[PDB]
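Protein chains in written order, with the authors' numbering: chain A, 1 to 133; chain A', 1 to 133. A prime marks a further copy of an entry chain. All C-beta atoms, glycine included, are put in the ideal place defined by N, C-alpha and C. Comments concern the structure below.
There are 2 protein chains.
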Amino acid sequence: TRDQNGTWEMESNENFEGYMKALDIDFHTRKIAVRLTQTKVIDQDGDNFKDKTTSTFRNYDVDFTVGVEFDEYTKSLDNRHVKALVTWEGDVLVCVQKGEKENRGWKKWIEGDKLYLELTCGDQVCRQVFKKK
Amino acid sequence: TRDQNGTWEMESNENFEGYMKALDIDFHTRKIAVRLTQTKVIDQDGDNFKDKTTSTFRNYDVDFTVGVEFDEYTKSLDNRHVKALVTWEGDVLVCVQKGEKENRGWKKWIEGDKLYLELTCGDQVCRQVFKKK
């Protein structure tokens with residue numbers, strides 16, 4: 001069939017590295033790109049095509065229990081080892097990541113249908129907001 | 001509420017760059033990471049947390065009509081300009097991307113519930129397989 005309609009989830013990707021290198025892609029981009037999986041949404045009407053592709057990355061699970069310090073390796077970030085301790089402050093989840101980096105941690109809390117996440121390292125604060133599906 | 005259960009879709013991300021720089025993240029990784037959106041799946045049982053995060057990237061739409069040559073800028077790859085011509089060979093969609101790179105194109109076809117994609121540049125072939133949702 002010529003009908004390529006649908007959403008297609010990548011299950012295999014061979015020699016993406018060599019294709020990317022043939023295209024002169026920066027080796028730092030290739031090292032990240034070879035990790036990605038793809039979802040392709042094709043809307044097709046006869047010979048008219050619209051191909052909508054999204055690239056996706058694993059990220060490691062993080063499991064913890066409040067009050068129990070755990071070892072965390074920040075793969076997908078700086079790949080460092082920290083000793084993380086999560087505690088409640090009221091309804092705010094507070095994490096201190098003890099390690100090389102000073103003032104490293106995060107705070108996580110719900111308000112309404114929104115999840116707030118504040119990440120700290122040194123004097124830098126990154127504020128992320130998520131909406132509930 | 002202390003109940004952080006659910007799947008949470010990132011809608012905002014401020015100063016991720018400065019947080020990442022404070023963590024000494026390679027500037028090539030930061031240039032890609034600042035583009036990503038996040039989906040966070042939290043399974044929470046009391047004070048026991050499992051946080052499953054996936055990072056996601058836009059990728060530009062590509063719309064075309066078979067037989068009509070179109071200009072394509074390969075953002076998300078080498079960011080080059082090519083003149084793309086897509087044609088049918090039986091049930092196989094064949095694209096030649098005329099430009100600086102020799103033997104650059106792709107072939108795309110259905111077999112069963114699987115979509116096959118072969119990308120070529122120079123003497124390099126990348127073969128991708130997708131499964132229908």
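Which listed residue (106(A), 9(A), 20(A)) has its alpha carbon closest to that of residue 93(A) | Residue mapping note: residue 93(A) aligns to position 93 of the first sequence, counting from 1. Comparing Cα-Cα distances from residue 93(A) to each of 106(A), 9(A), 20(A), the minimum goes to 106(A).
Test item: CB-CB of residue 54(A') and residue 59(A) under 8 Å = Position 54 of the second sequence holds residue 54(A'). Position 59 of the first sequence holds residue 59(A). Going by C-beta atoms, residue 54(A') is nearer than 8 Å to residue 59(A).
Which one of 8(A), 81(A), 86(A) has the shortest CA to CA distance from residue 101(A)?
-> For the purposes of this step, residue 101(A) is identified with residue 101 of the first sequence, where counting begins at 1. The option with the nearest alpha carbon to residue 101(A) is 81(A).
First and last residue of the alpha helix (DSSP H) that includes residue 29(A')?
-> Counting from one through the second sequence, the residue named residue 29(A') turns up at place 29. Element bounds for residue 29(A'): 27 to 33.
Which residues of chain A' have a Cβ atom closer than 8 Å to the Cβ of residue 26(A), listed in chain order?
-> Taking the first sequence and counting its residues from 1, the one referred to as residue 26(A) is at position 26. Near residue 26(A) (Cβ distances below 8 Å), the residues of chain A' are 28.
Buried or exposed for residue 70(A'), please, with buried defined as at least 16 other CB atoms from any protein chain shown within 10 angstroms of its CB.
-> Here residue 70(A') corresponds to residue number 70 of the second sequence, with the count starting at 1. The residue in question, residue 70(A'), is exposed, as its Cβ has fewer than 16 Cβ neighbours within 10 Å.
Could you list which residues in chain A have their beta carbon closer than 7 Å to that of residue 71(A'), in chain order?
-> One-based indexing of the second sequence puts residue 71(A') at position 71. Residues of chain A passing the Cβ test: none, with the nearest at roughly 15 Å.
Look up residue 101(A) in the DSSP assignment and say whether it is helix, strand or coil.
-> Here residue 101(A) corresponds to residue number 101 of the first sequence, with the count starting at 1. Three-state DSSP puts residue 101(A) in coil, outside helix and strand.
From the DSSP output, in three-state form, read off residue 19(A') for me.
-> Looking up residue 19(A') in the second sequence gives position 19. The answer is helix: DSSP assigns residue 19(A') an H, G or I state.
Going by Cα to Cα distance, which pick from 128(A), 115(A), 103(A), 131(A) is closest to residue 121(A)?
-> As a first step, residue 121(A) is located in the first sequence; it is residue number 121 there, counting from the start. Of the listed residues, the one whose Cα sits closest to residue 121(A) is 103(A).
Residue 37(A) and residue 10(A) look like a contact to me (Cβ under 8 Å); what is the Cβ gap, rounded to whole Å?
-> Along the first sequence, one-based indexing puts residue 37(A) at 37. Along the first sequence, one-based indexing puts residue 10(A) at 10. Confirmed, Cβ separation roughly 5 Å.
In whole angstroms, what separates the C-alpha of residue 33(A') from that of residue 128(A)?
-> In the second sequence, counting from the first residue as 1, residue 33(A') sits at position 33. In the first sequence, counting from the first residue as 1, residue 128(A) sits at position 128. Rounded to the nearest angstrom, the two C-alpha atoms are 14 Å apart.
Assign residue 61(A') to one of three DSSP states: helix, strand, or coil.
-> The residue you call residue 61(A') lines up with position 61 of the second sequence. Residue state, collapsed to three classes: coil.
Tell me, to the nearest whole angstrom, how far the beta carbon of residue 65(A') is from that of residue 47(A); I am working on the premise that it is less than 8 Å.
-> By 1-based counting over the second sequence, the position of residue 65(A') is 65. By 1-based counting over the first sequence, the position of residue 47(A) is 47. Going by Cβ atoms, the distance from residue 65(A') to residue 47(A) rounds to 6 Å, so yes, they are a contact pair.
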